[PDB]
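Going by PDB author numbering, the sequence shown opens with residue 14, and the numbers climb by one from there. Backbone N, C-alpha and C define an ideal beta-carbon position, used for all residues, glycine too.
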Amino acid sequence: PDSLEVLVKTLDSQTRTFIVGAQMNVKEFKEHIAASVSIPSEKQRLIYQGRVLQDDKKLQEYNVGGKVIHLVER
């Protein structure tokens, strides 16, 4: 598909659902969600299945479509 559904849960138990271009990278995803989650992109750490997502990698590489990613500040 052309786009990915990505859920983001913060430590305060808020879960938001985003729909983004399927080739979007992690740095760009942080920028996409920053206003919604009220955490500046440079202060975001994203975690999925035990691992910290790296800025230069594509979301798709982590196979997160339809899945929950956790977001922590700093």
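Using only the alpha-carbon positions, how far apart do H45 and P14 sit? Start at 1 with the first residue of the sequence shown, and residue 45 comes out as number 32. Start at 1 with the first residue of the sequence shown, and residue 14 comes out as number 1. Each residue's alpha carbon lies about 19 Å from the other.
Less than 7 Å between the CB of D15 and some heavy atom of the ligand MN, yes or no? Within the structure as shown, the ligand MN is missing, as the structure has no ligands at all.
Would you say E74 faces chain C, with C-beta separation under 8 Å as the test? In the structure shown, chain C cannot be found, because there is only a single protein chain.
Taking the continuous beta strand (DSSP E) assigned at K80, which residues delimit it? Stepping through the sequence shown from its first residue, residue 80 is reached at position 67. Residues 80-86.
Leaving out the 5 sequence neighbours to the left and right, which residues in its chain are closer than 7 Å to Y75 when beta-carbon positions are compared? Counting from one through the sequence shown, the residue named residue 75 turns up at place 62. Contacts found: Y61, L66.
Whole-angstrom Cβ separation of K43 and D69, contact assumed at under 8 Å? What you label residue 43 is simply residue 30 of the sequence shown in a count that begins at 1. What you label residue 69 is simply residue 56 of the sequence shown in a count that begins at 1. Their Cβ separation, rounded to whole angstroms, is 12 Å, which puts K43 and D69 out of contact at 8 Å.
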